[PDB]
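What follows is a short report on a single structure.
Throughout, a chain's letter reflects where its sequence line sits, starting with A, and its residues are numbered from 1. Atom set for the values below is all heavy atoms of this structure, side chains included, hydrogens, waters and symmetry mates excluded.
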Protein chains: 4
Amino acid sequence: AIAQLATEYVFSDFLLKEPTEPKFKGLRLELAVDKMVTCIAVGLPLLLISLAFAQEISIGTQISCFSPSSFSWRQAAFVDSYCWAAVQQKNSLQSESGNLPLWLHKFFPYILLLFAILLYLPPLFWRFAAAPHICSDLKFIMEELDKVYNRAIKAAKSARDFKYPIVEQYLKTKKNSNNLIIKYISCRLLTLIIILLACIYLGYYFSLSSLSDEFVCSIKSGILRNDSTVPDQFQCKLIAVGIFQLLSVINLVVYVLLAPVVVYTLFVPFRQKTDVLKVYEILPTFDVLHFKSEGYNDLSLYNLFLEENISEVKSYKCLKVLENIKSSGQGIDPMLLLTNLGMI
Amino acid sequence: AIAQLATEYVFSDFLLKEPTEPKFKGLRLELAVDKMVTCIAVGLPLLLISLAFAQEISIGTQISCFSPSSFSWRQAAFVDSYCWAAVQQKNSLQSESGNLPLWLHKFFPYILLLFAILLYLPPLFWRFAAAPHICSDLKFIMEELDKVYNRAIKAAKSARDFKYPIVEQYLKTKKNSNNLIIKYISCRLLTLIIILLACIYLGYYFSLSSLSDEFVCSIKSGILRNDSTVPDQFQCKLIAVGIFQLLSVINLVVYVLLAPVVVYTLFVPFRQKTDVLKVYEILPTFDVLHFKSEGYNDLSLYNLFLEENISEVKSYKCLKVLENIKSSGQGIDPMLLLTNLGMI
Amino acid sequence: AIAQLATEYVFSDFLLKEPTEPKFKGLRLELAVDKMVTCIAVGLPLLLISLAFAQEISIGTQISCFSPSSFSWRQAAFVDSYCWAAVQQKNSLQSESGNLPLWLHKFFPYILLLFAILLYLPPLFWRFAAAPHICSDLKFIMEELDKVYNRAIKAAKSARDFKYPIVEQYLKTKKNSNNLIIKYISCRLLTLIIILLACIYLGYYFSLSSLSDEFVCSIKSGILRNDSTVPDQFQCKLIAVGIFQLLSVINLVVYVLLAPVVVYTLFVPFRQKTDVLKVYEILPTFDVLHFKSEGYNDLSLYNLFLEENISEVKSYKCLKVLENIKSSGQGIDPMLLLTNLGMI
Amino acid sequence: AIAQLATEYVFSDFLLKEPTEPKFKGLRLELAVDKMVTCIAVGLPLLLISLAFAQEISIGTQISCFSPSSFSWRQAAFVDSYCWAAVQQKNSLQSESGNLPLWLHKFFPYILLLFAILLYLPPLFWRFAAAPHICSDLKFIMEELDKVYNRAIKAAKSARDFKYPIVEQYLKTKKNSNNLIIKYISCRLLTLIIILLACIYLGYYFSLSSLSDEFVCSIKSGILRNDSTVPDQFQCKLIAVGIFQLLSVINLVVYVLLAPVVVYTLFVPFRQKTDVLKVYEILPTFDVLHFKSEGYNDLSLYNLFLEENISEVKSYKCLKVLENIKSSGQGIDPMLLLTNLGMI
Ligand SMILES: CC(C)CCC[C@@H](C)[C@H]1CC[C@H]2[C@@H]3CC=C4C[C@@H](O)CC[C@]4(C)[C@H]3CC[C@]12C
Ligand SMILES: CC(C)CCC[C@@H](C)[C@H]1CC[C@H]2[C@@H]3CC=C4C[C@@H](O)CC[C@]4(C)[C@H]3CC[C@]12C
Ligand SMILES: CC(C)CCC[C@@H](C)[C@H]1CC[C@H]2[C@@H]3CC=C4C[C@@H](O)CC[C@]4(C)[C@H]3CC[C@]12C
Ligand SMILES: CC(C)CCC[C@@H](C)[C@H]1CC[C@H]2[C@@H]3CC=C4C[C@@H](O)CC[C@]4(C)[C@H]3CC[C@]12C
Ligand SMILES: CC(C)CCC[C@@H](C)[C@H]1CC[C@H]2[C@@H]3CC=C4C[C@@H](O)CC[C@]4(C)[C@H]3CC[C@]12C
Ligand SMILES: CC(C)CCC[C@@H](C)[C@H]1CC[C@H]2[C@@H]3CC=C4C[C@@H](O)CC[C@]4(C)[C@H]3CC[C@]12C
Ligand SMILES: CC(C)CCC[C@@H](C)[C@H]1CC[C@H]2[C@@H]3CC=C4C[C@@H](O)CC[C@]4(C)[C@H]3CC[C@]12C
Ligand SMILES: CC(C)CCC[C@@H](C)[C@H]1CC[C@H]2[C@@H]3CC=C4C[C@@H](O)CC[C@]4(C)[C@H]3CC[C@]12C
Ligand SMILES: *[C@@H]1O[C@H](CO)[C@@H](O)[C@H](O)[C@H]1NC(C)=O
Ligand SMILES: *[C@@H]1O[C@H](CO)[C@@H](O)[C@H](O)[C@H]1NC(C)=O
Ligand SMILES: *[C@@H]1O[C@H](CO)[C@@H](O)[C@H](O)[C@H]1NC(C)=O
Ligand SMILES: *[C@@H]1O[C@H](CO)[C@@H](O)[C@H](O)[C@H]1NC(C)=O
C-alpha cells in the first residue's frame with residue numbers, strides 16, 4: 001500500500017543503517033549532507049516507481065487497445081499484449097510523437113531504477129574503497145586525543161597534589177596527500193552529473209504532449225497480414241503515463257533542489273570551518289597549532305569528518321564546555337579542567 | 001485489514017521508536033508534545049490512505065464508465081482505464097466542476113502522502129541536525145548533576161563522621177546562544193504552515209459538490225475520433241470520492257485541533273516553568289542561582305528538555321522527594337539527604 | 001515490486017555477507033574487487049530476471065496466439081498453452097527465424113539463472129576449499145605481527161627505563177608453494193570464460209530480428225489433424241521478448257565492462273605493490289627483509305590479502321602512522337614508537 | 001520468483017547449516033565433498049521442481065483438452081480436470097506412448113521430491129547415528145593434542161630456564177573397529193545407487209517422443225457414456241512436459257558428473273593421505289609413530305575427519321608452520337617451538 005511504501009522509504013532507516021560490523025562502532029563514515037543527498041536521490045525514484053503502480057492509483061493493466069466488439073476477450077488480450085511488445089517494433093505501430101515516447105512510457109520504471117542504481121554506485125564505491133582507511137585513521141586520531149587529554153589531566157592533578165605531537169604530525173602529513181579528497185570530489189561530481197542527466201530525462205519526459213501514450217497498433221504481420229476480419233489498426237493507450245509524468249516532474253523538482261547541495265558539497269574547503277581542534281589548543285600536553293584550512297587536500301575532508309563525528313568523544317565534549325565557559329572568562333581553563341575530572 | 005492498519009499506526013510504536021543507538025540511551029531528544037504532534041500529523045493521513053482503499057470499504061475499481069451493452073468486457077475496461085488516464089487530458093473529458101476536482105480525486109492518496117512527508121521532514125531535520133548536540137550537552141549536564149550530588153553527600157557524610165559551578169557556567173553560556181531555539185522555532189513554524197496548507201486543501205476538497213466525481217469521458221481521439229459505433233461520450237464516476245471527502249474532513253478536524261498545540265509549542269518561554277534546577281539549590285556544593293527564565297534563547301529549550309528527561313536521574317529524584325518533604329518542614333534538608341544514602 | 005527487487009539485490013548485502021562463523025572474525029577472505037565482480041556477475045542476471053516479469057512491466061501471459069472469434073476462452077487458452085509447449089516441438093510450429101530463437105525466448109530466465117549459478121560456482125569453490133587455509137595462515141601472521149610489535153615496544157620501554165623471524169620464514173616458505181595462487185587463477189579464469197560465453201549468448205540473443213518472437217503454431221496433431229473447424233495455423237507472439245533483449249544487452253554491457261576487471265585480477269603479481277610489510281622493517285625485533293614481489297606464487301596472493309585486511313591490526317596502523325610522520329623526518333621512529341604506547 | 005528460488009537453494013546456506021547445538025561447536029561432522037554431494041543431489045531436484053512451475057515459465061494450467069466451441073467454460077474445465085484425473089484410469093484415455101508416460105508427466109515433481117528425500121536419508125542417518133560418536137571422539141583427540149602440545153612447550157620452557165601416549169593408543173584401537181567406516185561406506189553406496197536409479201529414470205523420461213504429453217481423453221463413463229452431444233474424445237496436452245524433460249536432462253547431467261565423486265568418496269583409504277599427525281611427531285612429549293594408512297577401518301575415516309577439521313587447532317597450526325619453516329632448515333624445531341609461545 002501507499003502508506004507501507006512511505007514507511008519503508010521515508011519513515012524507516014532506508015540506507016540510513018550504520019555499518020553492521022564491529023570495525024566502525026559509532027563512526028558515521030559519511031557526512032550527514034552526503035547521506036541525505038544519497039538517501040533522497042536513491043529512495044525518491046524507488047518511491048515513485050512503487051507509487052505509480054500502487055493498487056489504488058492503478059486502474060489495472062498498463063495498456064488497452066479497444067478491440068472490436070466481435071473480438072473475444074482473449075483476442076483483445078492478444079491485441080493488447082502484442083501492442084505492448086510492439087512498442088519496440090517500429091513497423092507495427094504508427095504514432096505521431098514517434099516511438100521513443102512509447103519506449104519511455106513502457107520502461108519508465110526501469111529508467112528510474114537505473115538512475116537510482118547509478119546514484120547509489122558512487123556512495124557504495126566510497127564506502128567500500130575510501131571508508132575503511134578514513135575509519136582507521138579517525139579512530140586512531142580520536143584515541144590519540146583521548147590519551148593526550150588523559151595525560152594532560154593527570155599532569156594537572158599531579159601538579160595540584162615523550163610529549164611528542166604525534167597526532168599533529170599525522171594531520172600535517174595528511175595535509176600533503178590528496179587521494180581521499182580526490183575520490184570524494186570524483187564521486188560527488190559523478191553523482192551531480194547523474195542527477196543532471198536524470199533532470200534532463202525527466203524534463204523531456206514531462207514535456208511530452210500527453211497524447212503520445214495513445215499510439216496506433218497493427219497486428220498485421222505474419223498470417224494475419226492479409227486477413228480481412230481483423231481491422232487494419234487499433235487504438236491503444238498506455239495507462240499510467242500521466243502518473244509517470246507527474247512523478248517525473250516531482251523527481252525533477254527534487255533533483256534540481258538537491259543539485260545545489262551537491263555543488264556546495266563539492267567545495268569542501270569552504271565547508272572546512274569552525275575548527276574542531278581549536279578547542280584542544282588550551283591543553284599543555286597539546287601543541288598550540290591548528291594548521292588545517294585553505295587546501296584541496298585530505299586534511300580538509302578529515303576536518304569535516306572530525307566536526308561530524310567528534311561529539312562522541314568525552315574529552316572533546318569537556319574541552320568544548322570549557323571553551324564555552326571561557327567566553328565569560330570568570331574562571332581559569334586549567335582550574336576548570338582539573339575540577340571536571342573527566343578522564344573516562 | 002482495517003484492524004491491522006489500526007494496530008500498525010495507532011496501537012503500535014509508529015514513529016515512537018527511541019533512537020536505535022548507544023549514543024542516546026534513555027534520552028527522548030524530542031518533547032512529548034512535539035512527538036505527539038508529529039505522530040498524529042504523519043500517521044493520520046497514512047491511516048486514512050490505508051482506510052480509503054481497505055478491502056472492505058472498497059467496492060472494487062476506482063472508476064466505472066458504464067459502457068454500452070454492446071461493448072465487450074475489455075472494451076469497457078479500455079473505456080474505464082482511458083478515462084482514468086484522461087482525467088489529466090482536459091480535452092477528453094468535460095465536467096461541470098472542471099478538471100482540478102478530477103485531479104484531486106485521482107491523486108488524493110498522493111496528496112496525503114505528500115503532506116505526511118512534508119510534516120515528517122522538520123522532525124527529521126531536527127533529529128539529524130540539532131539532536132546530537134543537545135543530546136551531548138544534556139548528557140554532560142546530567143553527569144555533572146550526578147557528580148555534584150555525590151560530592152555533596154560525601155561532604156555531608158564526612159562532616160557527620162575546585163568547588164566550581166561548571167554546570168551553572170555552562171547553562172549561563174547557553175543563555176546567550178540561540179541557534180538551537182531558532183532551529184526549533186523554525187521547524188515548528190514550518191510544521192504549522194504545512195498543517196494550515198493541508199487544512200486549506202482538505203476544506204476545499206470536502207467543499208466539492210460531491211458530484212464532481214461524475215465526469216463525461218470521450219474516447220474520440222485518434223482513429224476512433226470519427227468512428228460511429230462508439231458513443232460520443234460515456235458516464236464515468238470516480239468511486240471512493242465520498243470516502244476521500246469523509247476522511248479529508250476527519251483530517252481537517254484533527255489538524256485544526258492540533259494547530260493550537262503547535263502554536264502553544266512555539267511559545268517556548270511560557271512553557272519554561274516549574275524550575276527543574278530549583279530543587280538542586282539546597283545542595284551546599286551547588287550555587288544558589290537558577291537564572292533560567294524569560295528568554296528567546298536556547299536556555300529555555302534546555303530547561304524544557306531537562307524537565308522532560310530528568311526523571312531518569314536518581315539524584316534529581318532524591319532532591320525532589322527531599323523538596324516535597326520540606327513542604328511540611330518537620331525535618332531538615334541536610335539530615336534527610338544524609339539519611340537517604342542515594343549516591344548510586 | 002521493482003523497488004523491492006532493487007533493495008534486495010543492489011541496496012542490500014546480497015552476497016556481501018561475511019562468513020557467519022567465529023572462525024573468520026573480521027577476515028574478508030575475498031578481495032574487494034573479486035567480491036564486487038562476483039556480486040555483479042551473479043545479482044545482475046537475477047535482477048534482470050526479476051525485472052522482466054515484474055507486475056508492472058508484464059502485460060500478462062507470456063504468449064498469445066489470437067484464436068478465432070468463434071473459439072471460446074478455454075479453446076484459445078488451449079491454443080496458447082499448446083504453442084507454449086510446442087516451441088520445443090519443431091513440427092508443430094513453422095517460424096522464419098527457426099526454433100532456436102523460440103527456445104531462447106522461452107528459457108531466457110533459465111539461461112540467466114544458469115549463468116549466475118556458473119559464475120557463483122568458482123567463488124563458492126574458493127570459499128569452501130582455499131579460504132580456510134588462507135584464513136588460518138593470515139590469522140597466524142597477524143598474531144605474530146602483533147606479538148613482535150608488543151615485544152619490540154616492551155624492549156624499547158625497558159631500554160628507556162629467541163628473537164627468531166618466524167613470520168618471515170613462513171612467508172619465505174609460502175614463496176615456494178603455489179597451490180593457492182593456482183586455484184585463484186583457475187577460478188578467475190573460469191569466471192572470465194563464463195562471462196565471455198554469457199556475452200556471446202547475450203549478443204546473439206539481442207541480434208535477433210525482434211520478429212522471431214512471432215511464430216506460426218499448428219494444433220493439428222492427433223484427432224485434430226483432420227478437423228475442419230480449427231484453422232490450419234495461428235499467429236502466436238512471445239510477449240516480453242523485447243524486454244528480454246533490452247535486459248540482455250544491458251547484461252552484455254555490464255559483462256564486457258567487467259571482463260577487463262577480471263583480466264586485471266588474473267595478473268596478481270602486478271597487483272602486488274605498496275609493500276604492506278615494508279612498514280614493519282623499522283622494528284628492531286623484525287628483520288629488515290621484505291622479499292615479496294615478482295612471483296607467480298602464493299606469496300603475492302598473501303601480500304594482496306594482507307594489504308586488504310591488515311587495517312584491522314592496531315600494530316600495523318601504528319607503524320603506518322609512524323611511517324607517515326617519518327615523511328617529514330622531524331622526529332625519530334623509536335621515540336615515536338615509545339611515545340605511542342599502543343601495545344593493545 | 002526464479003531469483004528467489006536461486007537465492008534459497010544455491011546462494012543460501014541450504015543444508016549447509018552447522019549443527020544448531022553446543023555439543024558440536026565448530027565441528028563439521030561431514031566431509032566437504034560429502035556435504036557438496038548431498039547439497040547438490042538434494043537441492044537440485046527441488047530447484048528444478050520450483051523452476052518448472054515458476055510464474056514466468058508457466059503459461060497456466062498443466063493440461064488443456066480443447067473442448068468444442070459449444071462447450072461452456074466449466075464444461076471445458078470439467079473435461080480438463082477429468083482427463084487430469086484419468087491419466088491414471090487407463091480405459092478413459094488412449095495414447096500411443098501408453099499410460100506410463102502420462103503418469104510420469106503428471107507426477108514428475110513427486111518423483112524428483114522422492115529422489116531428493118531418498119538422497120537426504122543416508123546423510124540424515126549418518127548425522128543421527130554415527131555423527132555423535134565421531135564428534136565426541138574427535139573432540140577428545142583435539143583436546144589431547146592441545147594438552148600434549150601445552151605439556152611439551154612447558155617442558156621446553158622449563159629446560160630453557162605419566163608421559164603416556166593415550167591419543168596414540170586410542171587411534172591404534174580405532175584401527176581395529178570398523179563400524180563407523182562400514183556405516184559411511186553403506187550410506188555412500190546407497191546414495192550412489194539412488195543417484196544411478198535417478199539417472200536411469202531421467203534418461204527414460206527425456207527419451208520420450210515429446211508427443212506422449214498429447215493423449216486422447218474420453219469422458220464417456222457413467223450417464224455420459226451414451227450421450228450424443230458430447231464428442232467421443234478430446235485432444236488433451238500436458239503442458240510443461242518439455243520443461244520437465246529439459247530439467248530432467250539437466251539433473252541427469254549433474255548426477256552423472258556427481259557419481260564419479262561418490263565413487264571416489266567410497267575409496268576412503270586412497271583419500272587418506274597427507275598425514276595430519278606427521279607434524280606432531282617432532283614433539284618430545286609425543287611418540288614418533290603415525291601408524292595410520294592402508295586400512296578399510298575407522299582409522300582412515302578418522303584421519304579424513306582430522307585433516308578436514310584440524311585447522312581450528314592452534315597447536316596443529318603452530319606445528320604446521322614449524323614444519324613449513326623446517327623445509328629450509330635454517331633454524332631448529334625446539335627453538336622455534338619455544339620462541340612461538342603459543343600455549344593458548
Ligand atoms: C540520461 C541521458 C543519457 C539522457 C539524454 C537525453 C534524452 C532523455 C533525450 C532528450 C532529448 C532527446 C533527443 C531530442 C531530439 C532528437 C532528434 C530525433 O530525430 C532523434 C532523437 C533525438 C536525438 C532525441 C534523443 C533522446 C534525447 C537526447
Ligand atoms: C537540470 C535542469 C537544467 C533541467 C531542466 C529541464 C530542461 C533541461 C528541459 C525542460 C524542457 C526540455 C525541452 C522540452 C522539449 C524539447 C523539444 C525536443 O524536440 C528536443 C528537446 C527539448 C528542447 C527539451 C530539452 C530539455 C528541456 C529544456
Ligand atoms: C497545499 C496548498 C498549495 C494548497 C493551496 C490551495 C488549493 C488546495 C486550492 C484552494 C482554492 C483553489 C483555487 C480556487 C479558485 C481558482 C480559480 C480558477 O479559475 C483557477 C483555479 C483556482 C486559482 C484554484 C486553484 C487551487 C486552490 C488554490
Ligand atoms: C485552518 C482553517 C482556517 C481551515 C478552514 C477551512 C477553510 C479555509 C475552507 C472551508 C471552505 C473553503 C471554501 C469552499 C469553497 C470555495 C469556493 C471556491 O471557488 C474558492 C475556494 C473556497 C472559497 C474555499 C476556500 C477555503 C475554505 C474557506
Ligand atoms: C554459453 C555458450 C555455450 C553459448 C554458445 C553460443 C550460442 C549462444 C549460439 C551463438 C551462435 C549460434 C550458432 C549460429 C549458427 C548456427 C547454424 C545453424 O544451422 C545451426 C545452429 C548454429 C550452429 C548456432 C548454434 C548456437 C550458437 C552457437
Ligand atoms: C565478449 C564480446 C566480444 C562479445 C561481443 C558480442 C559478439 C560476440 C556478438 C554480437 C553480434 C553477434 C553476431 C550476430 C549475428 C550472427 C549471425 C548468425 O548467423 C551467427 C552468429 C552471429 C555471427 C553473431 C555472433 C556473435 C556476435 C558477433
Ligand atoms: C527408480 C527406478 C525404480 C526406476 C526404474 C526404471 C524406470 C524409470 C523405467 C525404465 C525402463 C522402463 C521399462 C521399459 C519397458 C517396459 C515394457 C512394458 O511392456 C512394461 C513397462 C516396462 C517394464 C518399463 C517399466 C518402467 C521402467 C523400468
Ligand atoms: C547412469 C547413466 C548410465 C545413465 C544413462 C542413461 C541411460 C541409462 C538411458 C538413456 C536412454 C535410455 C533408453 C531410452 C529408450 C529405451 C526404450 C524403452 O523401450 C526401454 C528403455 C530404453 C532402452 C532406455 C533405457 C535407459 C537409457 C539407455
Ligand atoms: C497475404 O496475401 C497477399 C495477397 O496479396 C500476399 O501477397 C501475401 O504474401 C500473403 N501473406 C501471407 C503471410 O501468406
Ligand atoms: C475522421 O473522419 C473525418 C471526416 O470528417 C476526418 O476529417 C478526420 O481526419 C478523420 N480522422 C482520422 C483520424 O482519420
Ligand atoms: C484424419 O483423416 C485423414 C483423411 O485423409 C486420415 O488420413 C487420417 O488418418 C485421420 N487422422 C486421424 C488421427 O484419425
Ligand atoms: C446408454 O445407452 C446404451 C444404449 O445401447 C445402453 O446400453 C447403456 O446401458 C446406457 N448407459 C447408461 C449409463 O444408462
If you take all heavy atoms of A/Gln4 and B/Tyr9, which pair is closest and at what distance? N-OH, 3.9 Å
So for A/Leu246, is it side chain, backbone, both, or neither that comes closer than 4.5 Å to the heavy atoms of chain B? side chain
Flag the one option from B/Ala240, B/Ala116, B/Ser81 with the top tally of heavy-atom pairs under 4.5 Å to chain A. B/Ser81
For residues 107-114 of chain B against chain A, heavy atoms under 4.5 Å, the residues are B/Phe107, B/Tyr110, B/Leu113
Write down the atom of A/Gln235, the atom of B/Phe78, and the distance for their closest heavy-atom approach. O-CE1, 3.6 Å
Kindly indicate whether the side chain of A/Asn324, heavy atoms from C-beta on, has any atom under 4.5 Å from the side chain of B/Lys174. yes
SG-CZ distance between A/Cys39 and B/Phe128, expressed to the nearest 0.5 angstrom: 8.0 Å
Nearest 0.5 angstrom please: B/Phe140 CZ to A/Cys318 SG, how far? 6.0 Å
Taking only heavy atoms into account, what residues of residues 45-56 of chain B are found under 4.5 Å from chain A? B/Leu46, B/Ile49, B/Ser50, B/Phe53
Segment of A/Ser58 engaging chain B (4.5 angstrom heavy-atom cut-off): backbone
Can you tell me how far OG of A/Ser209 sits from CD of B/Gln89, rounded to the nearest 0.5 angstrom? 9.0 Å
Straight-line distance of A/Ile59 CD1 to B/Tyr82 OH, nearest 0.5 Å: 15.0 Å
For B/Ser221 and A/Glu214, which heavy atoms make the closest approach, and how far apart are they? OG-OE1, 2.6 Å
Considering only heavy atoms and a distance below 4.5 Å, find which of A/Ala6, A/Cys65, A/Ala76, A/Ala77 pairs most often with chain B. A/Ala77
What residue in B/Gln62, B/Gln88, B/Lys106 has the most heavy-atom pairs under 4.5 Å with chain A? B/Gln62
With a 3.5 Å distance limit and no angle check, can you tell me whether A/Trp73 reaches the backbone of B/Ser72 through a side-chain donor-acceptor pair? no
Top contributor to chain A contacts, counting heavy-atom pairs under 4.5 Å, from B/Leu121, B/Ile117, B/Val87: B/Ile117
Filter on salt bridge (charged side-chain N to carboxylate O under 4.0 Å, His left out), then keep only pairs touching residues 72-88 of chain B, sequence neighbours left out; what's left? A/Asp80-B/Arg74
Listed by number, the residues in residues 222-231 of chain B that come under 4.5 Å of chain A (heavy atom to heavy atom) are B/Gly222, B/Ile223, B/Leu224, B/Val230
Considering residues, nucleotides and ligands other than B/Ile57, do more than 12 of their heavy atoms fall under 6.0 Å from its CD1? no
To the nearest 0.5 Å, tell me how far B/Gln169 CD sits from A/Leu322 CG. 12.0 Å
Once you measure the plane-to-plane angle for A/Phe11 and B/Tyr120, does it fall in the parallel (<30°), tilted (30-60°) or perpendicular (>60°) bin? perpendicular
Where on A/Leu5 is there a heavy atom nearer than 4.5 Å to chain B: the side chain, the backbone, both, or neither? neither
Can you check whether B/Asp137 reaches A/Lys317 side chain to side chain, under 4.5 Å on heavy atoms? yes
Given A/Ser70, A/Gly242, A/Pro68, A/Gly60, the one with more heavy-atom pairs under 4.5 angstrom with chain B than any other is A/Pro68
Separation between CZ (B/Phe71) and OG (A/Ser69), nearest 0.5 Å, reads 8.0 Å
Nearest heavy-atom contact between B/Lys147 and A/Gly342 is NZ-CA, 4.4 Å
